[PDB]
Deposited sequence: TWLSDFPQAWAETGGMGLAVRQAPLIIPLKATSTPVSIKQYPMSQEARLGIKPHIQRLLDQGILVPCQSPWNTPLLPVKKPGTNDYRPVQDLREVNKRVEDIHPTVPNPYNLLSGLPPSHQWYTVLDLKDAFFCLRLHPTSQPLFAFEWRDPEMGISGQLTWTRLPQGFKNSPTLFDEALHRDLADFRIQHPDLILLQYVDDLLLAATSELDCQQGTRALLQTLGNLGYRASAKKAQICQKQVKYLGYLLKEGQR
């Protein structure tokens, strides 16, 4: 049973993740950037009640923390919280787009490797810590009418909605899986941010490779979705494609 032998690797049984080998991320700003404070547009009670449980969970997990920041961006009034970070994105220095587009990424999958395992990492961005000096950039307001917290909250992990999160996560995971690639020269490993494809020449190589990948991911602090996992199959769904016997 894949789930039982790798408890630490699955999001269902290993608790929230944290990439312990990765230094907290520093987010450089453009040379002329100055903090921007966008007022929170009034949010209906319906929306606040819908969002509330999620904010509480994130606070309990330490992913969100109180703060006082010169920066402030809106949470969408219309549940799961979505922060409009466009004004912060505009002020952050650009980085080279290193994530390959799916078409090019899949071009590196040879017909020799037809046994596949597809894993997707749960709450991947939240596994990467944000350095305290960069945390203020992502603050937003949170008020609980019937006695709430300070005023603002911010993320201690790489947040959703930030323009560089996909690239920074893809780069971080590449650094953490570099050794795995070296130890398994005969396996193909495709990475598209939080979506992983492991390809082997035989069902055996795939089983052994998948065990090694799960163990490595778990030890590194990442968590894969056991519910969505596709293990050692000859046909899998990956990045919108149906991979079947070398096709696509």
Return the ranges of the deposited sequence not covered by C-alpha coordinates, sorted by sequence position.
-> 79-85
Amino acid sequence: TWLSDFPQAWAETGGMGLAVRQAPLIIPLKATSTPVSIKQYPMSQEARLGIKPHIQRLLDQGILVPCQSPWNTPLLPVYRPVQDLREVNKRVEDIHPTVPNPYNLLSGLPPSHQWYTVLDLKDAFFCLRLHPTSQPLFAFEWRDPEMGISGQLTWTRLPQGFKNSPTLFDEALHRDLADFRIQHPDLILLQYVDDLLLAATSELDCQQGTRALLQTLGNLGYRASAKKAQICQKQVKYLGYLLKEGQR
From here on, numbers count along this sequence of modelled residues.
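So that the term is clear: the rigid core is the largest set of C-alpha atoms that superpose within 1.5 Å between two forms.
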Hey, after superposing on the core, which one moves around more in 9 other deposited structures of this protein, 99-107 or 127-135, CA-wise?
-> 99-107
Just give me the stretch that moves more in 9 other deposited structures of this protein: 40-48 or 53-61, judged by RMS C-alpha distance after a core fit.
-> 40-48
Using the B-factors recorded in the PDB entry, average over the C-alpha atoms of 187-195 and of 54-62, then report which stretch comes out higher.
-> 54-62
Comparing 230-238 with 17-25, where is the mean C-alpha B-factor higher?
-> 230-238
Residue with maximal Cα B-factor (values as given in the PDB entry) among 171, 144, 123, 93 | 144
Candidate set 166, 74, 148, 136 [ranked by C-alpha B-factor, highest] | 148
If you rank the chain by CA B-factor, which third does residue 43 end up in: lowest, middle or highest?
-> highest
Record-listed C-alpha B factor of residue 220: chain third | lowest
Of the three thirds of its chain by CA temperature factor, lowest, middle or highest, which one includes residue 88?
-> lowest
Residue 107 CA temperature factor, ranked by third within the chain = highest
The third of the chain into which the C-alpha temperature factor of residue 114 falls is the highest
